[PDB]
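Below is one structure, written out as C-alpha cells; comments come after it.
Number of protein chains: 2
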Amino acid sequence: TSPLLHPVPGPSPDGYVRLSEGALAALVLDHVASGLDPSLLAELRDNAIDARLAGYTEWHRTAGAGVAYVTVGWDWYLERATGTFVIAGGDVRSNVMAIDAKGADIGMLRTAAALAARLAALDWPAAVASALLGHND
Amino acid sequence: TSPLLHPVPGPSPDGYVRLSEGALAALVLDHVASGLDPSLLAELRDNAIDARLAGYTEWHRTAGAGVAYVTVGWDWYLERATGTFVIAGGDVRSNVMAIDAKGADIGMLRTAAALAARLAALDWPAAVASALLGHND
Numbered sequence: 002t003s004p005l006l007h008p009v010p011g012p013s014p015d016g017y018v019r020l021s022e023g024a025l026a027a028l029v030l031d032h033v034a035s036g037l038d039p040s041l042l043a044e045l046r047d048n049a050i051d052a053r054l055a056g057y058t059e060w061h062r063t064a065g066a067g068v069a070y071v072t073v074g075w076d077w078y079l080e081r082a083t084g085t086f087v088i089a090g091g092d093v094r095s096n097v098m099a100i101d102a103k104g105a106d107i108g109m110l111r112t113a114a115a116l117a118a119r120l121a122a123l124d125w126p127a128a129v130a131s132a133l134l135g136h137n138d
Numbered sequence: 002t003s004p005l006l007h008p009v010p011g012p013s014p015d016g017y018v019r020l021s022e023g024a025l026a027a028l029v030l031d032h033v034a035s036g037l038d039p040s041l042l043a044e045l046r047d048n049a050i051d052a053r054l055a056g057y058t059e060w061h062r063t064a065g066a067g068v069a070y071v072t073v074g075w076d077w078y079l080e081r082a083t084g085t086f087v088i089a090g091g092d093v094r095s096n097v098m099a100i101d102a103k104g105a106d107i108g109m110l111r112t113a114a115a116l117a118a119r120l121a122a123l124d125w126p127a128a129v130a131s132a133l134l135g136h137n138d
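Protein chains in written order, with the authors' numbering: chain A, 2 to 138; chain A', 2 to 138. A prime marks a further copy of an entry chain.
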C-alpha cells in the first residue's frame, strides 16, 4: 500500500537499528532529557579535566511507518575555559549499528563517531543548556 | 513569607541535594525516560546474566519552593526466567547525597541503596515497561 501504512520496523533481532553512513548524516534526533551528574563532575576533575558542569543527555527519533525508534544518549561536560560542551570520551550510547556500502556492520567505535558528528550538526549543546535552565523552574 | 514564596533551593555547592534517610523514604519521583541498550544487553549476557532486555531509565522530582530538583537514573535488565526487572549492580546515579541524624554524609553506596529501596516502593518496573511499550508507537 502507501508508505503511510508500511510496517513500523523494530530493531534487527540482535537489538540494533541498522543505518547507512548517509542515513545517519540525515538522522532527525530530538532532545528528551538532560541532567547534572555531580559524581561524574568530581570524577572528570580528578582526571585533570577543568569542567564547570557534567551530566547526561537522552535524545530520540520517534517511530513511524518505515522509520524505527532510535535512542542516543551520552555523558557531557562543560569546559570552564572555553564554555564549550564536550561529549565525554566521544562515547555515545545508542540502539544504532552503522553499516557500510556492502551492508556490513562497521562496529561500535565508527558508529559512535558518526553519531557524535550528526549530534554536532544538530547543535546538541543548545538543547542541553536549555533543558538545564528549565530544571531550575 | 508563606512557604509558597520560600527560595527554590539548588544543590549544595559540591552539587548534591542533601536529604535524610526519612526524607528519601518519602521522595516523590516521576518517570522521565526509558530506553533499550543492546550493547548493555550483550554485555550482561557475556557475564552469564540471562536477560531478555536491558536499558536505561531517568526519573526526577521537579523543583518548587523549598524543594530542590532531584535526578535519579540507572541501568536495568529484565530477567528471562522470572520476568523481574532488576537494577543492574544496584548502581543508581543521582544528584543526591544521603545524610545521617547528625547531618553528616553517608556516602555514595548507602545513598544508592536508600534510593534503590525508594524506587522499589514506587514500583519503578511498571513505569519503565509502560514507556518501553510507548516507544513502539
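Ideal Cβ placement from N, Cα and C applies to all residues, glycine included.
By Cβ distance, which residues of its chain are closer than 6 Å to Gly36 (chain A), with the 5 residues on each side in sequence left out?
Within the same chain, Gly36 (chain A) has close Cβ partners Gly56, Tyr57.
Using Cβ-Cβ distances below 9 Å, what residues of the segment 28-54 of chain A are close to chain A'?
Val33, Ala34, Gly36, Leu37, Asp38, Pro39, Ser40, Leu41, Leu42, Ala43, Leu54
Check the C-beta distance from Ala34 (chain A) over to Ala132 (chain A) and give it rounded, since I have them as a contact under 8 Å.
7 Å
For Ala118 (chain A), the three-state DSSP class (helix, strand or coil):
helix
Select from A':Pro10, A':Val9, A':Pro4, A':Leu120 the residue whose C-alpha is nearest the C-alpha of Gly74 (chain A').
A':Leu120
Give me the chain A residues within the contact set of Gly16 (chain A'), using Cβ-Cβ distance strictly less than 7 Å, ordered along the chain.
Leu37, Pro39, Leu42
Report the start-end ranges of each alpha helix (DSSP H) in the segment 5-61 of chain A that is 4 residues or longer and not cut off at the edges.
The qualifying runs are 22-26, 39-47.
Quick one: residues in its chain with C-beta nearer than 8 Å to the C-beta of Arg111 (chain A), no 5 flanking neighbours on either side, listed in chain order?
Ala99
Are the C-beta of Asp138 (chain A) and some C-beta of chain A' separated by less than 8 Å?
yes
Are the Cβ atoms of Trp77 (chain A') and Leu30 (chain A') separated by less than 8 Å?
No. Outside cutoff.
Where in the segment 65-135 of chain A' do unbroken runs of the beta strand (DSSP E), each at least 3 residues long, occur, reported from the N-terminal end onward?
71-80, 86-88, 97-100
Is there contact between the segment 4-24 of chain A and the segment 62-73 of chain A, where contact requires at least three CB pairs shorter than 8 Å?
Between the segment 4-24 of chain A and the segment 62-73 of chain A there are three or more C-beta pairs closer than 8 Å, enough to call the two in contact.
If contact means a Cβ-Cβ distance below 7 Å, which residues of the segment 77-101 of chain A contact chain A'?
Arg94, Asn96
Given this structure, state the Cα-to-Cα distance separating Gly16 (chain A') from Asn96 (chain A'), to the nearest angstrom.
7 Å
Closer than 8 Å to chain A' by CB, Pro4 (chain A)
Not one chain A' Cβ lies under 8 Å of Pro4 (chain A).
Could you please tell me which residues of the segment 60-72 of chain A', in chain order, have their CB closer than 9 Å to any CB of chain A?
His61, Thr63, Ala64, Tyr70, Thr72
Tell me the rounded alpha-carbon separation between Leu28 (chain A') and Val93 (chain A').
15 Å
Using a Cβ-Cβ distance cut-off of 8 Å, determine whether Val129 (chain A') contacts chain A.
no
Distance between beta carbons of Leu116 (chain A') and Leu25 (chain A'), contact taken as under 8 Å
Their Cβ separation, rounded to whole angstroms, is 7 Å, which keeps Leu25 (chain A') and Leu116 (chain A') in contact under 8 Å.
Can you give me the C-alpha to C-alpha distance between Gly84 (chain A') and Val71 (chain A'), rounded to a whole angstrom?
29 Å
Using 8 Å as the limit for Cβ to Cβ distance, is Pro12 (chain A) near chain A'?
yes
Nearest residue (CA-CA) to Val18 (chain A), options A:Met109, A:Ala43, A:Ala122:
A:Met109
With a cut-off of 8 Å on the beta carbons, I'd call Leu54 (chain A) and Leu79 (chain A) a contact; round off their distance for me.
4 Å
Shorter than 8 Å from the beta carbon of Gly108 (chain A') to some beta carbon of chain A?
No, because no Cβ of chain A sits closer than 8 Å to the Cβ of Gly108 (chain A').
Going by C-alpha distance, which of A:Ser3, A:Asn137, A:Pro4, A:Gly23 is nearest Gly104 (chain A)?
A:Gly23
So, for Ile50 (chain A): in the same chain, excluding its five sequence neighbours on each side, which residues have a beta-carbon less than 7 Å away from its beta-carbon?
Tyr78
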